[PDB]
Every structure is written in structure tokens, then in C-alpha cells.
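Asks: Below is the sequence, then the experimental coordinates.
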2 protein chains.
Amino acid sequence: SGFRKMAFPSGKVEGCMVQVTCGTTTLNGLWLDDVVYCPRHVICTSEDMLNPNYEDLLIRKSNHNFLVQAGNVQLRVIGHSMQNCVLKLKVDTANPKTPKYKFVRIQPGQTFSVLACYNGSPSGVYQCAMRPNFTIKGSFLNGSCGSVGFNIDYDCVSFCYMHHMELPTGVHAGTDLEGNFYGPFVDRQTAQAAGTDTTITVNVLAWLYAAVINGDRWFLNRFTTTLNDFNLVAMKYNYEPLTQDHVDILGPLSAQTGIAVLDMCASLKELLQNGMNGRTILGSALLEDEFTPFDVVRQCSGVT
Amino acid sequence: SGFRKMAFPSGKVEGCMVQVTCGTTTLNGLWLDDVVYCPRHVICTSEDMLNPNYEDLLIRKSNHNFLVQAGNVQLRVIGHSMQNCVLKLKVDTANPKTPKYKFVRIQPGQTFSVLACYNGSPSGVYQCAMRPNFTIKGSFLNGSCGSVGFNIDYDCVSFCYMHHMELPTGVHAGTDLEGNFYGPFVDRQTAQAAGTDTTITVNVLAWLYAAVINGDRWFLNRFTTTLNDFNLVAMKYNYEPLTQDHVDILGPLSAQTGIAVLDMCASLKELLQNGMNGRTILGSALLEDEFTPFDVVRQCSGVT
Ligand SMILES: OC[C@H]1CN(Cc2ccccc2)CCO1
Ligand SMILES: OC[C@H]1CN(Cc2ccccc2)CCO1
């Protein structure tokens, strides 16, 4: 019993982290097979960052300008290319610790673990969600760029995120491993405002199921509702709309607890309208939205 | 910027986890050099667990009764001994992935990462505190016993916890790596009640400092207090007493933010007395006590 915000074991990703230096900028790279992936802004002076022309900046750069260090050994760069907002540095040595991996672009609401790194060295691991506004609420200091987000299915690391940017509001923006930003953000030091940070409704419902499973039941009410009625209340409270897709995904949690999804929706509705009245659920005073239904099933079933 | 509940990178500990089977009981072992450490209750039938005599149960056990598997390879057990509530199984092979390590007994309030394992396989990592009542609020299903708690100082893993028990209240109890329980708990399926789960005051103060550092300042008040006045309020709210030792440990956070410790104490006092009035601090609706001052400095400074 018990329910924790839990990251994937990070060992398989620790084995992939390298330091990338271009001139006076150092940040993190991901070393998979004989390619090192890093944010293209590695080539920028924080002066360049105001209005960078990356193609023009790149002309000035050779393989030998990219310094790649894995532990305290230097990798030989034998090629470099730009793909969207990432550089791929071809190195002469395949990473001997390359795990099975995929690059996936996740959807808003999906959770992943971040291995926070400085100078190619891991400092910590935490669990995130891609916010509905395509930001993440990370913990990232200068030098943390190229830190990656990932899921693990058994022995396969799915890389979903690379850290690029802190917005003036101190929330975070980055790319998939093809170098495409999540949301409308660009790798430029300019005014970039995030949209509404709404709550991931399907994730809240999953975590209410996790609470019931773990004995926290005080909030279960006598009511039910409809998707349309619930969605009216959701919108009023900056909750994302619940679809029949979300209801389907919650099916297994509904099955295990015998609480119909629409009943749990009506319980959520009363919590929104009545508040927590100073009570907690799974040791939280607010409704947690950084567990997916898959996450709740995984942790409640003990998947390795 | 940003502040996350962050575990240590778990790779160094993933490399230490093995499966231990005695008869029909399987749980986790820690393989360091040529010794595998596991909970002694591995030798119990859940029938034995009601009133086990471990010394008498152990007489019935030989080296060959302990089945140790690291990946899908079996280790040869060439010796076994009981030390307090753990078994040490001597194996014929030194773990080639043994990191530099120490066994430390932590104090209540100290934080550590848990690598949750089933069948010797890692499922997740999360950050804990040893509660003032010597319990932890973990996430542990059947098969998770022998999962360990640890801190990392650069390249040295300090093992502080091994999981043994869930109390009837669904909180967790375990040992240091010498097999000595934290708190008054025993490895027996009997009524064992925890004491008061009080808040770790020094940790709350550290996390209020982390909030200020990260731009959350709405709660900073115009007041100060004394250790004695603050402690009167602390006791009333099931907060642990603050000592001059705690004030000293917060010195660096006081220095960086220019907020005297006793001023931050008076801010905490008003939050206890007035509540959060529906506001959040670092995205929490309650006062977080699972970051130490050391943790706040580490994460706010980017230690690897
Ligand atoms: O009123 C309805 C809710 C959901 N929101 C949709 C939304 C979708 C994507 C990203 C941000 C926001 C708007 C604001 O509040
Ligand atoms: O009234 C004072 C506070 C602190 N408590 C001390 C305490 C110390 C250790 C373990 C549990 C509890 C008692 C209860 O509330």
C-alpha cells in the first residue's frame, strides 16, 4: 500500500548522458549508438540568443568545435547536422551502454521522468507531466539544457523530451528527440507567454481511483453525473474536457474499484464545488494531475 | 528555476538489486561485494510471521535453501548469517557493479531515495523522509521487501534503509543495513501502532526558503518570533520543536535570501494560524516537510 510520485529507474539514461561544449557554452547531450543529441542553442553566446540565425551560426562551426566528453574521456566528432532545434553529433564510438530506445512525441497530460544533469552528470530524477499548454514545471538551473524526459516499457527507453528553455514565468519548454518544440515555443530569448495551465482531468480521476484503492475514501459521494454536465463544471474550474476516450482509459480502475467513471466524475465535481474543507487525499491538499491511468495501474500492480 | 521532489539517480543501486527466494517466499536483496543483504523474514511462511523464532527457523536452512538470482544468472551461496533483522548471504562472486558505499543509520527528518523493486527488478524511484515516529510513507506492494533507501554523495552510495514491514495503518517500517529497525517495530505480524506523525519543522522552513528562492513570496510576513514562542505554536500544530542546531543548519539559506531564520519562523507561524486561504506554495496546498536544508541547497545549487 501507499501511493508515491515515482520516477522510472534512471540507470539506462544515466548511461547515455555526455557533456557537450561549443566555445564557452557547456550543456548536456544524449549519446545513443554513435550519435550525440543536444539543443542547437549550444552554438549560441547568450548574446546570439536574442535573435539567433542557427543556419548562419552553424556555418562558423566544424566537427572539432563540438567537444563531447563521456565520463572523463573525449569522443571524436566525425559529423554534425541540425534537425529542427537539436544537433546530432556523429561520433566515432557507439555508446556501449545504449539501451533499446524509441523517440516518441507525447501528448499533453502524458507523464515522464526527467534525469536532471549538469556537465553531463546526473543530479536527480523526478516525474513530470506535459501540461495542456505544452510547458512542463521542471527543476532546471543553467547547465541543465539537454537533460531528457523518458518512459520505460520493461527494457525499452522511450525518449519524449529534451530540455531547451525557461520562459520568463519560470516554466520550462523543450523538444522531442526530433528537435520539434512541444507547443508554440522557439529557442530564442524573447517574450514567450504560455496559455492557460489547466488541470489534466483524466489524471485527477486516475489519482482519485489510486486514493480509493489505498483506503482514502472520505470524498466518495452519493452522486453521479453525465460527461456533458461534468464538462460544464470542468471548464468553469480550468479542467480539461473529459472525452469518452478518457472514460475508456479509466475502465480498468473503474472495474477494480467498482466505482463507475461517471460516479467518480460526480465526486470530483463536488470536490471542485465544495473544496477539500482542510482534508487531504493521499497526503495532498490539492487534486494531483501528474499520474496517468497507466501510471496508477503500473504502481498499484507493481510492474518492473 | 522550479523546485521538484527529486530522487538521486538510481543507476548505482539498480546494479545492486538481486532476487532472494527461500522456499515459496521471494523478495529483494542488495548485492554489495560478495554479500547479499535481505530481510530475515525471507525464511518465514506468512504463518511463521505471526510469532516467528528466527534463530529456530534458521536452523532448518542451509546455504542451498537461499536462491539468489542477479538478472537471469544464479549466484552460489557459500555462507549465511543473521545480523539483527537482516540475513547476510555470502556469495562466491563479488558484484562487479558494487559502487563505493557506506551503511548509515539516519535520524528522523532525514530524506532518502527508495528504489522500489519486485523480484530483484527496479519498478520506480521516489524521495522519502524518515518520519519523527520512525515510519516512512512509502509505496510498497507484496514482493517489495528488501527494497532500499539511499543517499549519494558524488560517487558514494550511503544505504540507510531496507524495507521490511507494512503496519496495519499502511505506513512502512524497516531497518538500517545492520538489520536494526528504525523505531520500536519488529518483523512480526502483530498490532504495531505508530506514534504521532508530527511535521518536520526544519524541513518546512528549508522548503519555505526554496519557495522564496524560486519567486513564491506571498507568505513572507512583517513579523519575527523567538525559538520559545515559535516552539509553543509548533507543539500546538504537531510540528517538531526547532533547536538552535536547526537554526544553524538553515544559516546558508538565511544568508542567500536575507531572511533571518526567526523571521521565516514567524511566517510559518502565521501560515499555521491563518492557513493557506486556498493559495499554494511551490504548487503545494500544504506545507512540505520532505526536503532537508541540505536538499534545498543541493537542488538550488545543481550538485551532481
Ligand atoms: O475553459 C476551458 C478550460 C480548458 N482550456 C482549454 C485549454 C486547452 C489547451 C491548452 C490550454 C487550455 C481553456 C481554459 O479552461
Ligand atoms: O506536541 C508536540 C508535538 C511533537 N511530538 C513529539 C514527537 C516526537 C517523536 C515522535 C513523535 C512525536 C509529540 C506530538 O506533537
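Replies: Structure received. Residues are numbered from 1 along each chain as shown, chains lettered A, B, ... in the order given. Ligands and ions are numbered 1, 2, ... in the order given.
Asks: Can you pull the residues of the stretch 101-250 of chain A lying near ligand 1?
Replies: When proximity is defined by CB under 6 Å from any ligand atom, the stretch 101-250 of chain A lies next to ligand 1 at A:132, A:133, A:195, A:196, A:198, A:235, A:238, A:240. (C-beta placed from N, C-alpha, C; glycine too.)
Asks: Now distance to ligand 2 and neighbour count too, for those, in CSV please.
Replies: Listed next are those as CSV, based on distance: CB to the nearest ligand atom, whole Å; neighbours: other CB atoms under 10 Å in any protein chain shown:
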residue, distance to ligand 2, neighbour count
A:132, 41, 22
A:133, 42, 18
A:195, 44, 12
A:196, 41, 9
A:198, 39, 19
A:235, 43, 12
A:238, 37, 11
A:240, 41, 21
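Asks: Can you lay out the residues you listed as CSV showing distance to residue B:140 and secondary structure?
Replies: As requested, these are exported to CSV (distance: CB to CB, whole Å; DSSP: H, G, I helix; E, B strand; the rest coil):
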residue, distance to residue B:140, secondary structure
A:132, 32, coil
A:133, 35, coil
A:195, 39, coil
A:196, 37, coil
A:198, 33, coil
A:235, 39, helix
A:238, 35, coil
A:240, 32, coil
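Asks: Closest one to residue A:144 out of these, please.
Replies: Proximity of these to residue A:144, judged by CB to CB, is greatest for residue A:133, which lies at 20.7 Å.
Asks: which ones are touching the closest one?
Replies: A:108, A:183, A:194, A:195, A:196, A:197, A:198 (CB atoms under 8 Å, 6 or more residues apart in numbering or on different chains).
Asks: Tell me which strands the longest strand along chain A pairs with, and in which orientation.
Replies: Counting residues, the longest strand in chain A under DSSP state E turns out to be strand A:156-166. Here strand A:156-166 is paired, per DSSP bridges, with strand A:100-103 (parallel), strand A:148-153 (antiparallel), strand A:172-175 (antiparallel).
Asks: Specify which member of the contacts of residue A:133 is nearest to residue A:46.
Replies: residue A:194 (21.9 Å).
Asks: Specify the local secondary structure of that closest one.
Replies: Under the three-state scheme (DSSP: H, G, I helix; E, B strand; the rest coil), residue A:194 adopts coil.
Asks: any idea how far it lies from residue A:106?
Replies: For residue A:194, the distance to residue A:106 (CB to CB, to the nearest Å) stands at 17 Å.
Asks: Stretch A:268-281 near chain B anywhere?
Replies: Yes - applying CB under 8 Å from any CB of the partner chain, one finds stretch A:268-281 touching chain B at A:275, A:276, A:278, A:280.
Asks: so residue A:91 bridges to which residues?
Replies: Taking DSSP bridges as the rule, residue A:91 bridges to residue A:77.
Asks: How many residues are close by residue A:136?
Replies: Residues lying near residue A:136 (other CB atoms under 10 Å in any protein chain shown) number 22.
Asks: hmm, I was thinking of residue A:258
Replies: Residue A:258 is flanked by 8 other residues according to other CB under 10 Å.
Asks: I'd like to know how far residue A:165 sits from ligand 2.
Replies: Distance from residue A:165 to ligand 2, counting by CB to the nearest ligand atom, to the nearest Å: 44 Å.
Asks: Same check on residue A:266?
Replies: Residue A:266 is 37 Å from ligand 2, by CB to the nearest ligand atom.
Asks: Could you verify that that residue is part of a helix?
Replies: Yes - counting by three-state DSSP, residue A:266 is part of a helix.
Asks: these two touch, right, it and residue A:226?
Replies: No - when contacts are counted by CB atoms under 8 Å, residue A:266 is not listed as touching residue A:226 (9.4 Å).
Asks: Have a look at the two and say which one is more surrounded.
Replies: Using other CB under 10 Å as the criterion, residue A:266 and residue A:226 rank with residue A:266 on top: 19 against 11.
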